[PDB]
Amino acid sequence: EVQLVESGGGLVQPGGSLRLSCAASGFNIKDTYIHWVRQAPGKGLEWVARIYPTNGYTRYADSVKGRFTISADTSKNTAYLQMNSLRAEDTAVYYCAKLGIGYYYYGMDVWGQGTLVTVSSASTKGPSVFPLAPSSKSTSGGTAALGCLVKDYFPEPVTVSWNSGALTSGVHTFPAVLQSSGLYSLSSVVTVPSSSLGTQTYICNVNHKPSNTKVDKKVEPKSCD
């Protein structure tokens, strides 16, 4: 199918540079405008740049003009955003998006998944992962709540899944909070029926790609002895 896949985000120091990529499948970017749109954390969408690949015509938002450069390689079917002189305000999820031409110009119907760019001088730090185990007693309402505490990491993001992706119902993965230490922390929890303990096991899978940390942790209720 028609698709866009971004890559190349991550942490970068103020004043630094980063290059984002966007690979198109299922269509030729020669027939297209390719756009970058960004979203600062908790803020609105902001259009940032646009390329018409055939002729290499570019437009830029005032907030990035002179510092960012958009380009496209028609033979690799790929678009790029070169970002120079980064500041705190450029921290955002960066999306690639496609618009067609003529009757095919109706809106951004194809987006990539988004790539987080964090502009900070702090350093990468992988998380510790601890179980959140309920008492055996707290399972008496027929519901057991259990979770993982993912503590002390930088930068965002962290992914959490349960039973390698097979358990999605009842899962709440909370927004990260930034601690006074300048490191992030979050919890993931899931509620399951207590009658399913002993037939099923519960594993949380944490992935922190910036530090190549991949951790599984088994979580079950403990008594009190």
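Just count from 1 along the sequence shown to find any residue number.
A.B. asks: Could you settle it for me: does 37-45 or 158-166 have the higher average Cα B factor in the PDB entry?
C.D. replies: Looking at the recorded C-alpha B-factors, 158-166 comes out higher on average.
A.B. asks: Mean Cα B factor from the PDB record: higher for 176-184, or higher for 54-62?
C.D. replies: Higher of the two, by average CA B-factor, is 176-184.
A.B. asks: What's the residue among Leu11, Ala23, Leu20, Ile203 with the greatest CA temperature factor in the PDB record?
C.D. replies: Of the options given, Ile203 has the highest CA B-factor in the PDB entry.
A.B. asks: Taking the C-alpha B-factors as the PDB entry records them, is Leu99 in the lowest, middle or highest third of its chain?
C.D. replies: For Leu99, whose C-alpha B-factor we compare with every modelled residue in the chain, the answer is the middle third.
A.B. asks: Comparing against every modelled residue in the chain, figure out the third that the C-alpha B-factor of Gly141 lands in (lowest, middle or highest).
C.D. replies: Answer is highest: the recorded C-alpha B-factor places it there.
A.B. asks: Please say which third, lowest, middle or highest, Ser121 falls into when its CA temperature factor is compared across its chain.
C.D. replies: Answer is highest: the recorded C-alpha B-factor places it there.
A.B. asks: Would you please rank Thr69 by its C-alpha temperature factor against the other modelled residues of its chain and give the third it falls in: lowest, middle or highest?
C.D. replies: Tercile = lowest for this residue's CA B-factor.
A.B. asks: So where's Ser128 on the chain's Cα temperature factor ranking, which third?
C.D. replies: Within its chain, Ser128 is a middle-third residue by C-alpha B-factor, going by the deposited values.
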